[PDB]
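# Analysis of the macromolecular model
So the chains spell out like this:
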Amino acid sequence: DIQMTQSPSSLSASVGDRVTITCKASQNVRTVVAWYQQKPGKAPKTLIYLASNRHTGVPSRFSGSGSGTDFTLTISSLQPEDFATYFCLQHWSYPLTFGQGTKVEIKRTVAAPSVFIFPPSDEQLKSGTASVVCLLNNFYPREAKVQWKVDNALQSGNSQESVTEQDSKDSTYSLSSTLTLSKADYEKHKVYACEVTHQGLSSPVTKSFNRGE
Amino acid sequence: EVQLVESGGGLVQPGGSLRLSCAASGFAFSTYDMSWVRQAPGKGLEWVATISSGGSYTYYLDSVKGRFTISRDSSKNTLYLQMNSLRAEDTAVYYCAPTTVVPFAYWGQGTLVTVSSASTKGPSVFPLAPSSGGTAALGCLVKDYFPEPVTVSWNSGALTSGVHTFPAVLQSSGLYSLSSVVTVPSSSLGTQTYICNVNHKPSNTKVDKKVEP
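Residues numbered from 1 in each chain as written, not as in the entry; some residues may be left out. Chains lettered and ligands numbered in written order. Heavy atoms only, no water. Residues with missing side-chain atoms left out of burial classes, pairs and counts.

Looking at the entry header, you'll see X-ray crystallography listed as the method and 2.2000 Å as the resolution.

Structure representation (structure tokens):
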């Protein structure tokens with residue numbers, strides 16, 4: 001079985017940077033190596049074939065080289081739309097085998113999130129469960145701490161985060177933290193707070209609501 | 001222009017069967033090798049099978065030999081994948097792709113195969129309602145569905161800017177949930193109408209929901 005090993009496995013790089021990504025074939029696959037770009041939740045786009053050749057339509061900042069065991073994809077000048085996972089592929093031998101992919105992240109300047117909190121709808125309390133949502137809008141970098149307090153008491157495990165993909169223009173992220181509690185249990189308490197700690201905030205920012213007002 | 005239209009994916013129980021089809025147009029279909037490539041959620045690309053241009057040689061990933069059959073119909077320009085004895089590792093998005101000068105020159109948008117004994121459950125759609133405000137946000141929660149995926153639209157797709165539809169998170173209950181949110185001028189609120197257009201085709205459910213307190 002021919003292994004294709006890509007390095008690095010992920011990387012963060014600024015608009016304008018020159019990005020190089022390698023791919024080592026487990027043995028001599030000569031020049032029978034192709035490269036693909038995949039934006040998340042979308043079909044791959046073919047970039048390079050026979051190691052060094054630009055498939056139709058692909059911008060000239062993309063280019064490939066290598067032979068035998070060792071292969072390179074370069075993006076000479078990263079654009080903000082170029083975040084994606086990049087895969088190499090050998091097809092010298094069956095089975096055809098892909099590298100594990102290199103996820104390329106756009107590095108940008110720090111951007112503080114805008115925070116919002118959403119009480120559960122009565123439309124949902126009418127249903128026995130309760131979802132409180134805290135939104136972190138358009139920030140960079142990805143890493144953030146969302147802490148839920150109820151009547152001020154840090155919660156555990158009744159929380160779940162999800163993060164969007166990088167914005168194709170300004171490279172920011174958005175994030176939601178969901179807190180789930182019982183109808184019974186949401187209404188045994190008053191103040192609902194999610195507290196946000198992010199590089200772009202001097203101090204943690206809290207958005208709150210009282211179950212009443 | 002190359003078009004590759006996959007279908008036939010869906011929920012199927014372990015040990016079951018599905019047939020995938022890939023309707024090609026805009027290229028001399030029968031001149032080219034055709035392949036299925038798959039991607040299990042969160043994972044990389046994996047070559048499944050290839051059928052030569054004339055139909056006469058087929059190559060399979062070891063994992064699928066004896067369970068999957070790749071085949072093609074020159075009179076309908078369609079590639080097929082008859083998949084039997086389905087197991088959890090077959091869960092993936094399946095893409096078809098011709099080989100021209102490059103393998104996988106072009107890729108379809110994929111069709112999702114989910115191998116599970118769990119049952120199709122449709123979502124609930126709850127407001128995330130706006131609001132001393134500044135210029136605040138709103139949205140919808142799409143709660144407790146299976147299988148993946150749902151689409152969310154704002155104002156039948158007329159609202160595009162500043163929409164974030166978060167990736168689905170799998171809950172403890174085995175059900176998925178997500179939120180779609182949007183930001184908007186505080187003014188717009190009294191006069192403009194905001195409705196999220198949720199579609200869970202796996203259940204043929206189709207909910208359109210307006211928001212505010």
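Read on, since the account is not over.
Residue and element names in this part refer to chain B. With respect to the helices, strands and loops of the structure, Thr58 is situated in strand 6 (residues 58-60). Sequence spacing of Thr58 and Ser71 is 13 residues, and the spatial spacing of their C-alpha atoms is 8.3 Å. In this structure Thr58 touches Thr50, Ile51 and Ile70, once residues within four positions along its chain are discounted. (Helix = DSSP H or I, 4+ residues; strand = E, 2+ residues; numbered from the N terminus. Contact = heavy atoms within 4.5 Å.)

With that out of the way, let us pick up a nonpolar patch on the surface. A grouping of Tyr94(A), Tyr57(B) and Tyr59(B) is seen on the molecular surface, where their side chains present a nonpolar patch of about 310 Å² in accessible area. Structurally, the position occupied by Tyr94(A) is in the loop between strand 9 (84-90) and strand 10 (97-98). Residue classification places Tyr94(A) among the partly exposed positions, given a relative accessible area of 36%. (Patch = residues over 30% accessible without salt bridge, like charges linked within 9 Å, V, L, I, M, F, W, Y side chains within 5 Å. Areas by Shrake-Rupley, 256 points an atom, 1.4 Å probe, with all protein chains shown as cover. Salt bridge = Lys/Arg side-chain N within 4 Å of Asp/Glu carboxyl O. Buried < 20%, exposed > 50% of the residue type's maximum accessible area, 1.4 Å probe, protein only.)

What follows concerns the state of the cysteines. This structure, assessed with the given rule, holds 4 disulfides over all chains. Between the sulfur of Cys134(A) and that of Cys194(A) lies a disulfide, 2.0 Å long from S to S. Measuring handedness by torsion sign, the sulfur bridge of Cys134(A) and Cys194(A) sits at about 45° and is right-handed. Here the residue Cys134(A) occupies a position in strand 13 (residues 129-139), and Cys194(A) occupies one in strand 17 (residues 191-197), the gap between them amounting to 60 residues. Here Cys134(A) and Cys194(A) have matching classes, each one buried. Between the sulfur of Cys140(B) and that of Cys196(B) lies a disulfide, 2.0 Å long from S to S. Taking the sign of the torsion about the S-S bond as the criterion, the disulfide between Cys140(B) and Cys196(B), at about -100°, is left-handed. On the criterion of sequence distance, the pair formed by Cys140(B) in strand 12 (residues 137-145) and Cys196(B) in strand 17 (residues 195-200) is long-range, its members being 56 residues apart. Neither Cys140(B) nor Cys196(B) differs from the other in exposure class; each is buried. Across chain A, the way the bonded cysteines pair up, counted in sequence order, is 1-2, 3-4. (Disulfide = S-S within 2.5 Å.)

Further remarks concern the environment of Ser77(A). All names here are of chain A. For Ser77, the location among the structural elements is in the loop between strand 8 (70-75) and strand 9. Sequence separation between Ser77 and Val19 is 58 residues, and the spatial gap between their C-alpha atoms is 7.3 Å. Not counting residues within four places of it along the chain, the set of residues in contact with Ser77 comprises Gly16, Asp17, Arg61 and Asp82.

Residue and element names in this part refer to chain A. Ordered in space as 12-13-16-15, the 4 strands form an open sheet in which the pairing is antiparallel. Sheet topology places strand 12 (114-118) and strand 15 (159-163) at the edges, where each strand pairs with a single neighbour. The mean inter-strand angle of the sheet, taken between neighbouring strand axes irrespective of direction, is 15°. In terms of strand pairing, strand 13 meets strand 16 (residues 173-182) through 9 bridges, oriented antiparallel. Residue pairing for strand 16: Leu136 is matched across the bridge by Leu175. (Pairing = 2+ DSSP bridges. Axes fitted to C-alpha atoms, helices over the stretch in contact; angles between N-to-C directions.)

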